[PDB]
Structures are given as C-alpha cells and as structure tokens.
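Heads up, the thing below is written out as structure tokens.
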Amino acid sequence: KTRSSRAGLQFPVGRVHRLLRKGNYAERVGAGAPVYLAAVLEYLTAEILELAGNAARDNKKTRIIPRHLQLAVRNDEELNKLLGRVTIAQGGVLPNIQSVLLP
Amino acid sequence: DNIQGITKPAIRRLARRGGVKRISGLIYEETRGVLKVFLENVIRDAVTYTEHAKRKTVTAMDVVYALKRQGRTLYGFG
Amino acid sequence: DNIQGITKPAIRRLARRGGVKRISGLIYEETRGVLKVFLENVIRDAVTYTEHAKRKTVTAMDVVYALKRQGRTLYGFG
Amino acid sequence: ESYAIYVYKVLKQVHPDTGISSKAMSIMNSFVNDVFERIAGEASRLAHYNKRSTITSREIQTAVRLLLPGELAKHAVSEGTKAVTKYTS
Amino acid sequence: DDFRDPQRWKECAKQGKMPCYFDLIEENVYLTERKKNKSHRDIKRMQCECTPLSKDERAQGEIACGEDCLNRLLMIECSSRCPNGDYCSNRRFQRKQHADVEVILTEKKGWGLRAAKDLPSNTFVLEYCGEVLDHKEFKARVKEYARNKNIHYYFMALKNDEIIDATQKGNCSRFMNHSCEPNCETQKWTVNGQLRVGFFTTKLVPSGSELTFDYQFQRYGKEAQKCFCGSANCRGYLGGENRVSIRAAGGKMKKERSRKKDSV
Amino acid sequence: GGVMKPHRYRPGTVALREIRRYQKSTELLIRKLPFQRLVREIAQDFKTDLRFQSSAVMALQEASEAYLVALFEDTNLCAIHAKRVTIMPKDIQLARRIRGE
Amino acid sequence: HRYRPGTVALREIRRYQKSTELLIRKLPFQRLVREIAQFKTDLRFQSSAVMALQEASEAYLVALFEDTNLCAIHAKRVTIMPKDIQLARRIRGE
C-alpha cells in the first residue's frame, strides 16, 4: 500500500522521495524526511485554499480565480511575509486610498 | 523610436492603478527610461540563458529564470 | 532594562557618522526599538542554529550564517 | 506530471462545493514547487555545516522553523510530527 | 398650488395652478439604446468598504453610509448588494427621497420655485428628467421648433452627443430659474451605471427663500436674452454675449469614423 | 433660446473615480503590439535574428506592470511626505535611491 | 569663546567619518544581548559573536540614518524626525 495511506496524508510521499534523491541535495536521506515535508506542504496548501475559498465565497462565486488568491494572500499577516517578493500574474493590487487625498 | 509607443494615457493608467491623483509633465519621460533600463536588464539575462541553451527561440521559462535571478519570483508562467 | 544603556551620546555619534547635522529629541526611542527588533531577529536565528548544533555556546559562525540568511554577509569573522 | 489532482483532493476536503480555474491551478503548482525548493535548499545547507551525509526529519524540522513565521511554523511542526509518528506507529 | 391631477383642465400654457396640459415624467426614457456601455463588464459592482453594526439605531446610532463612505465622496450611489442592505442612505435616486417644493409666481420673468421650509446644504431637491435625444435628431428638431416661436427651450446636454429634452414631458424641476447668485447647483451622479443629473443645495436656505441654479451660459441663434434678477453683479443676459454654433450648443457629435461630408 | 449644459465635475473627482475603477480590475494596461515591438527592438541589440514565445512576452509585460505599479506606490508616499499632491521626478529619484536602484 | 551652532556639528561629522572605531560601549551592549537572548535559558557566547553583532548593528544603524538624512533633506528640513525613519523603513521594505 502507498506510504501516503500509512501516513494519513494526501500528497504523494514517493514522488517527494524521488525528487530528494534526484535533486542533488545530499548523499543520503532519512525515511521520515519526505513524509514530514509532504505534511508541511499539505498544510500550507490547505491553508491557502481555505483562505482562497473564503475570499471566493465573499464575492458570490464558485470558482477560485487569481484575484481571489491575491486577496487571500495579501489580506493575511503571515502569508504576505512569506510571499512578499512574489508577483502573481493577473492578480492586481489591494484597493486603498490615502486619507490626505479624499475631499 | 518604439519607446514612444508606451502612451501618455497608458502611463497615466498605471499611475491611477498605483493610487496617484495628479501627474506632473515629466513623469512620462522618467518612466520611459526606467522601463527601458529594467527591460534591458531582464532581456539581457534571458538572451544569455537562451544562448547558453543553444536555442534560437526565447522560452518563457528563460524569462522566469531571469526574473528569479533579479529576485522577482513570478507565479503562473511555469 | 538594558536598552537604556544605548546612550544618547552613542546614538548622536552614530548619527554624526551617518551625516546628520541636527537631531530631534524623539529619535532615540525609535532607534532603540529598531535596534531591539534587529537584534531579536538575528539572535533568534543564531540560537536556532545553536540548538540544532547541540551546543551550549553560541559561536561566531552561527552569527555569520544568521546574517547571511537575512542578506548582510559580514566579512572578517570567518 | 504535476500536483493538480492532489490539489483537487485537498480542495474538496476544505470546500466541498467549489471549483478552481486552471490559472489558479498553475499558480498553486508554482507555489508548491517554490516552497519545496526553499525547504530542500535550506535543509541541504543545514546538513553541510555539521558535515553529515543524511538529511533527516530533524533537518527538515530545523529548516521549517527557520523559514516559516511564528504561528505558522508551530502548526507546521505539529502536523509533520503527527504524520511521522503515524508513519511508524 | 401644484395639485397634480390626471384630468386635463382649462389652463392654457402657464402651468401655475393647473399642471395637466402637458404630461409628467418618471425616470427618463431612451430611443436608440444599444448594449455598448461600461454597464456590466467593469462597473458590475462598486461596493463600499464598510463594517457596520446596524443593530443600534435611535440610541448611540450613527446613520449608515454618511459622508465617510467611499461612494458618496465619489458621487456614486450604492447598489442593492450594499452590506447595509435596506438601511444605506446613498440610494436617493431609487427611493425617491425628495424635498418639499412648490410652484407659484414670484417675478414677471417667469415661473419658479420657493422653498417651503428650512433646507440645509448638500441636500438633494429634484432630479432632472426628460426625453433623451440622439445624434441626428437634435439639429433637425431644433430648427423645426425654432420656427414655432417658443420662449422656453428645455434642452440640457448630458454628454458631447446626448441632449435631454424636457418639453413634451417634464417633472417639477422644469420651472427653476436662473440667477447670478446661485444657492442650488447641478451634479452628475452615476446610478446603476447610467449617468443622471441631480440638484443639490449649497447653504442654509431659510423658509420662504428662492431656489435657483446657475446656468452654464449658452446661446443658440442670432438673438440674445437677459436676466431680471440683478442680485449684485448679474451678467444681464442669459447666455452672455458670445455666440456659439449648433454643434457647440449641443456638444458636436462624436463623429462616426466614416464622412468628411458630414462636417461640410 | 439656447441649450444650457448642466455643470462640470470638480477636478480630482473623476481622477479618484478612475483610481477605484483601475484598482478594482485586473487586466493589462499597456498596449500589447507596441510593447512587443519595443521588446523586439531592444532585443536586437544582443543577438540578431531571434524569435519569441507569446508567453515569454506576456510574462515580461506582467513583470513590467507590477514593477511600475510598485514604483508609483512608493513614489506616492514620497510625494505625500513632501506635502504635495502633484508627483515629481525628484520623488521618483528619491524612491529609487532609497530602494537601492 | 563659542563656536556657532552647527560648526562643531560639522567638525564631529568630519572626524567621525574619518575614524573607524566603534561607537557603542561594549559592556552595555553585552548586557543587552545577554538579556534579550533569554529563546533558550542558560546560554554561553563566544566573544567574536558579540563582536560581530556590534559591527552588524552599527552598520545597520548608519545605513538607516543615511536614508533618514536623505528623507529629511527631501522634506526641506535640517532636523531629522521619526516620520523620516518611518518613511525610510516603509520604502526599504520593512
């Protein structure tokens, strides 16, 4: 049976194992590293998709769009810090107007 | 002179997206030069990658790698 | 409360090296906070490296790596 | 090959009745690849300062703690620990 | 004095006491409306950014969407998707919140309006409603109607190619006069994607005082007209002295890129 | 008898309206064919007789628009710090100097 | 005898841009580090670690004050103000 089924995850452990053994990072890899990394990636993916889904429901839509991803990422304190130097295509900016320009 | 193709109202449009209320008359000539320098750097790096890869066509992955080299990661064109 | 040990003359001397002629009376409380944040970040990274290395003593190479992580790249300490 | 079907499987667990566009799928693919590269590179760095052959779960955990912010890293570590416990138990 | 009744009566033209010689009008009507606009592609919704409470009114209760809303400052009324819902106060052209008006005789210059009760600044009074013309019909109907010897021309240019006629059908805003000391004015609000013209006050108008608005001066034929107010500097004349052309009066059409022939 | 026009927008009102209109949307603001011609012209200086991918030009356009938007976002703060509404090239230069360009 | 206000300021600017020594006192800096390093209780330090921390900190502060001075001059002021530091750290990306 698949290692993912043993670990209770959703991302595939074996492909991560292969990429670690293939990407010239070190001489050896311990058995727990791919499972740990897959759990981390699954958690981050789930967080991003949760906030994207909330942003999508906030605009009466049923399909997540890059604008929704942009809003979800930029309206969070820590994800913005993690992705501060990343440009999302077809993402746009946050609506804000400085208070010294409004009449 | 294709640098004049980047129109005055186009630059005004970009400023409107950036949140600028009133635009001076030299911002356009400044922005043209800034964009020219930025594009020259990125294109130089991209063409370098291509010539290394022995290709004649310039792929989009080359542009992505050049932007990563500059330090501006771009999601979507992978 | 050892952040008060970064004295007004010390900050003034640093500004003089920076090229400042006239200094407001409110610069010091801001400078102390900025220094505290910077030191907290760097020391956090250093202590993390130490705890990974299974060491009681925080080495200088740990500090150098912590600075390299943030993009400072100090020379002179190995 | 990519992570698209797995992203679908993750999405259907946190929002049942929703969809996602291909551009967003590509963006998520890039995000997964980028985080994978960051964590792997940091672990490969950590394994060299101590002159060790093997990247272990401890190495990955150290990289995670160094790379992610405060509240996010704690949950990431907890999830990874739970998974690596369930892997052997 | 207004007495809006649907039965036509025995008052010829002056419309001072019997308003049923012509017809009244609701929100305006169009003739050649096509689906080429910014209606529902980029102005689908322009929602304000408000985090209200809406559970505490009449006691520590702030009115919803006051002068701190993002839409009121930019002259846009909210849609039905407002977070306040049916408590937002921007939708004044849709709930038909109007001011108390009355039409009687003041001066021999013509009919007009006088304020019933006290009215503060930045208060809506009436919406200008009429019949929307188009490119070709304006320059024909105007020369067809100039030979009918009429004094009042109810033409107002919405855009460089749109002129609204308030002659065949008009609301209570057709009687307001001109003066060189304006206390009311006209504003260009955007409701439901369409542009509408409204009337706002500027000061604290006392009960029983005049309510006129300033004309952006314009003349159309060879003759001239003059104003009879004379507040302190009154320019003497409606339309000033300078003459402008048929196209400049209406705003000269956005020429369909056919041909030169049309200019000649 | 003449055709009177209602009124004129106060300046800055439509400017702010445009600010909202273009901050709400997500589209390309730059003329695509001129952008393409410009890229080809400036690429001719590094290798004669090249060929491009459509996505390779689209990515360049996205990056350029993002860069300019960020530059203006910082420049507006510079101008406001200068207690001005109008935006000046000295503000642009200060933004680039402090950013490190 | 008095030197006019600003003259000695320029004198200090010259002499402290000429010198290369450290400006912050070692014992207070050390006490500060060993206080805010309490992360992990009961730590030990190499001296070169603190020596490097002081160098990095003074370099960072000088580099920040340079941009602060630039902002103050752009504002047509001589005196630097905390709003200038805030603008500098806002544009810098912090």
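Identifiers for the structure tokens are assigned positionally: chains receive A, B, ... in sequence, residues are indexed from 1 per chain, and ligands are indexed from 1 in the order shown.
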Near-residue 13 of chain D list (12 Å; only C-alpha atoms; drop same-chain fewer than 2 positions) as a VMD selection string
(chain A and resid 10 42 45 to 47 49 to 50 53) or (chain D and resid 6 to 11 15 to 18)
Keeping N, CA and C atoms, export the residues of the selection given above as a CSV table (one decimal), in the first residue's frame.
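Contents of the output file part.csv:
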chain,number,residue,atom,x,y,z
A,10,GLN,N,-2.3,13.3,2.0
A,10,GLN,CA,-2.8,13.4,0.6
A,10,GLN,C,-1.8,13.6,-0.4
A,42,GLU,N,1.2,19.9,2.5
A,42,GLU,CA,-0.3,19.7,2.6
A,42,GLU,C,-0.9,20.7,3.5
A,45,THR,N,-0.8,24.1,1.6
A,45,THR,CA,-1.8,24.1,0.5
A,45,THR,C,-3.2,24.3,1.1
A,46,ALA,N,-3.5,23.5,2.1
A,46,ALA,CA,-4.8,23.6,2.7
A,46,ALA,C,-5.1,25.0,3.3
A,47,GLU,N,-4.1,25.6,3.9
A,47,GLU,CA,-4.3,27.0,4.4
A,47,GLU,C,-4.6,27.9,3.3
A,49,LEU,N,-5.8,27.3,0.3
A,49,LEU,CA,-7.1,27.0,-0.4
A,49,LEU,C,-8.2,27.4,0.5
A,50,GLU,N,-8.1,27.3,1.8
A,50,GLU,CA,-9.1,27.7,2.8
A,50,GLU,C,-9.4,29.2,2.6
A,53,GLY,N,-10.9,30.0,-0.7
A,53,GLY,CA,-12.3,29.7,-0.7
A,53,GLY,C,-13.2,30.7,0.0
D,6,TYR,N,-3.8,16.2,-6.8
D,6,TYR,CA,-3.7,16.3,-5.4
D,6,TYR,C,-4.2,17.6,-4.8
D,7,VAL,N,-4.0,18.7,-5.6
D,7,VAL,CA,-4.6,19.9,-5.1
D,7,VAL,C,-6.1,19.8,-5.1
D,8,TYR,N,-6.7,19.2,-6.1
D,8,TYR,CA,-8.1,19.0,-6.1
D,8,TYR,C,-8.5,18.2,-4.9
D,9,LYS,N,-7.8,17.1,-4.6
D,9,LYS,CA,-8.1,16.3,-3.4
D,9,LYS,C,-8.1,17.1,-2.2
D,10,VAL,N,-7.1,18.0,-2.1
D,10,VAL,CA,-7.1,18.9,-0.9
D,10,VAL,C,-8.2,19.8,-0.8
D,11,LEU,N,-8.5,20.4,-2.0
D,11,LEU,CA,-9.6,21.4,-2.1
D,11,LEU,C,-10.9,20.9,-1.7
D,15,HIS,N,-13.4,22.7,1.1
D,15,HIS,CA,-14.6,23.4,0.5
D,15,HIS,C,-15.2,22.4,-0.5
D,16,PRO,N,-16.3,21.7,-0.1
D,16,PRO,CA,-16.8,20.7,-0.9
D,16,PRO,C,-17.4,21.2,-2.3
D,17,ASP,N,-18.3,22.2,-2.2
D,17,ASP,CA,-19.0,22.6,-3.4
D,17,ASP,C,-18.3,23.9,-4.0
D,18,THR,N,-17.1,23.7,-4.5
D,18,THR,CA,-16.5,24.8,-5.2
D,18,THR,C,-15.6,24.3,-6.3
What lies within 7 Å of segment 80-95 of chain F using only C-alpha atoms, ignoring chain neighbours under 3 positions off, as a PDB file with N, CA and C atoms, in the first residue's frame?
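Final output, saved to part24.pdb:
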ATOM      1  N   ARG B  22      -2.621  63.302  -9.194  1.00  0.00           N
ATOM      2  CA  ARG B  22      -2.256  64.362 -10.123  1.00  0.00           C
ATOM      3  C   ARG B  22      -0.829  64.135 -10.588  1.00  0.00           C
ATOM      4  N   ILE B  23      -0.618  64.172 -11.901  1.00  0.00           N
ATOM      5  CA  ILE B  23       0.627  63.724 -12.517  1.00  0.00           C
ATOM      6  C   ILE B  23       1.336  64.921 -13.134  1.00  0.00           C
ATOM      7  N   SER B  24       2.626  65.055 -12.839  1.00  0.00           N
ATOM      8  CA  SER B  24       3.433  66.110 -13.438  1.00  0.00           C
ATOM      9  C   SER B  24       3.816  65.748 -14.869  1.00  0.00           C
ATOM     10  N   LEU B  26       6.672  65.540 -16.492  1.00  0.00           N
ATOM     11  CA  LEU B  26       7.918  64.851 -16.792  1.00  0.00           C
ATOM     12  C   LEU B  26       7.915  63.409 -16.316  1.00  0.00           C
ATOM     13  N   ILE B  27       6.884  63.005 -15.579  1.00  0.00           N
ATOM     14  CA  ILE B  27       6.813  61.637 -15.089  1.00  0.00           C
ATOM     15  C   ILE B  27       6.861  60.663 -16.249  1.00  0.00           C
ATOM     16  N   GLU B  30      10.394  60.223 -17.475  1.00  0.00           N
ATOM     17  CA  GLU B  30      11.151  59.462 -16.485  1.00  0.00           C
ATOM     18  C   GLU B  30      10.787  57.982 -16.531  1.00  0.00           C
TER      19      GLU B  30
ATOM     20  N   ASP F  74       5.315  53.517  -4.124  1.00  0.00           N
ATOM     21  CA  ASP F  74       6.300  54.156  -3.257  1.00  0.00           C
ATOM     22  C   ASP F  74       6.444  55.645  -3.551  1.00  0.00           C
ATOM     23  N   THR F  75       6.384  56.029  -4.823  1.00  0.00           N
ATOM     24  CA  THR F  75       6.562  57.430  -5.168  1.00  0.00           C
ATOM     25  C   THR F  75       5.434  58.279  -4.616  1.00  0.00           C
ATOM     26  N   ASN F  76       4.223  57.730  -4.552  1.00  0.00           N
ATOM     27  CA  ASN F  76       3.108  58.485  -3.995  1.00  0.00           C
ATOM     28  C   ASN F  76       3.337  58.767  -2.521  1.00  0.00           C
ATOM     29  N   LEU F  77       3.874  57.790  -1.791  1.00  0.00           N
ATOM     30  CA  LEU F  77       4.240  58.035  -0.403  1.00  0.00           C
ATOM     31  C   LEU F  77       5.315  59.101  -0.308  1.00  0.00           C
ATOM     32  N   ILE F  98      16.366  55.356  -2.323  1.00  0.00           N
ATOM     33  CA  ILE F  98      16.160  54.691  -1.043  1.00  0.00           C
ATOM     34  C   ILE F  98      15.941  53.202  -1.248  1.00  0.00           C
ATOM     35  N   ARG F  99      15.256  52.812  -2.325  1.00  0.00           N
ATOM     36  CA  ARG F  99      15.046  51.392  -2.567  1.00  0.00           C
ATOM     37  C   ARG F  99      16.360  50.686  -2.860  1.00  0.00           C
TER      38      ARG F  99
ATOM     39  N   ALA G  75      12.485  66.629   2.464  1.00  0.00           N
ATOM     40  CA  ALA G  75      11.441  67.422   3.095  1.00  0.00           C
ATOM     41  C   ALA G  75      11.857  68.862   3.323  1.00  0.00           C
TER      42      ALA G  75
END
Might you pull out every residue within 8 Å of segment 39-46 of chain F, with only C-alpha atoms counted and same-chain residues fewer than 6 positions away left off, and present them as a PyMOL selection string?
chain B and resi 2+39-40+43-44+47
Any idea what's packed within 9 Å of residue 20 of chain D, counting only C-alpha atoms, ignoring anything in its chain fewer than 2 positions away? Could you give it as a list in words?
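Final neighbour list, sorted by chain and number: residues 62, 63, 64 and 65 of chain A; 8, 11, 18, 22, 23, 24 and 25 of chain D.
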Take the residues just selected and output them with C-alpha atoms as an mmCIF file, in the first residue's frame.
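To be explicit, this is the file written out as again_23.cif:
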data_model
loop_
_atom_site.group_PDB
_atom_site.id
_atom_site.type_symbol
_atom_site.label_atom_id
_atom_site.label_comp_id
_atom_site.auth_asym_id
_atom_site.auth_seq_id
_atom_site.Cartn_x
_atom_site.Cartn_y
_atom_site.Cartn_z
ATOM 1 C CA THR A 62 -17.981 29.224 -7.075
ATOM 2 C CA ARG A 63 -14.591 29.167 -8.846
ATOM 3 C CA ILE A 64 -11.336 30.378 -7.318
ATOM 4 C CA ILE A 65 -9.534 32.916 -9.502
ATOM 5 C CA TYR D 8 -8.102 18.952 -6.133
ATOM 6 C CA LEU D 11 -9.575 21.439 -2.058
ATOM 7 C CA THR D 18 -16.451 24.825 -5.182
ATOM 8 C CA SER D 22 -6.506 26.330 -14.493
ATOM 9 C CA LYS D 23 -4.600 29.574 -13.952
ATOM 10 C CA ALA D 24 -5.072 29.211 -10.205
ATOM 11 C CA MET D 25 -4.013 25.574 -10.518
#
Residues of chain E within 6 Å of chain F, counting only C-alpha atoms, what are they? List them as a list in words.
residues 153, 155, 156, 157, 216, 218, 219, 220 and 249 of chain E
Residues within 6 Å of segment 60-67 of chain B, please, as a list in words. Count only C-alpha atoms; anything in the same chain fewer than 3 positions from it doesn't count.
residues 45, 46, 70 and 72 of chain B; 55 and 56 of chain F
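For chain B, the residues close to chain A, meaning within 7 Å and counting only C-alpha atoms, are residues 19, 72, 73, 74, 75 and 76 of chain B.
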If we count only C-alpha atoms and set the cut-off at 10 Å, which residues sit around segment 58-68 of chain D, ignoring sequence neighbours fewer than 5 positions away in its own chain? Please answer as a count of residues only.
36
Write out as a ChimeraX atom specification all residues of chain F that DSSP puts in alpha helix (DSSP H) for this structure's backbone.
/F:13-24,32-43,54-81,89-99
Tell me, as a VMD selection string, which residues lie within 7 Å of residue 119 of chain E, counting only C-alpha atoms; anything in the same chain fewer than 6 positions away does not count.
chain E and resid 204 to 206
Would you output that residue set with C-alpha atoms, as a short mmCIF file (atom, residue, chain, number, x, y, z; two decimals), in the first residue's frame?
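So part_7.cif came out as:
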data_model
loop_
_atom_site.label_atom_id
_atom_site.label_comp_id
_atom_site.auth_asym_id
_atom_site.auth_seq_id
_atom_site.Cartn_x
_atom_site.Cartn_y
_atom_site.Cartn_z
CA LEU E 204 -28.83 77.04 4.83
CA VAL E 205 -31.81 78.23 2.80
CA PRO E 206 -34.42 79.94 5.01
#
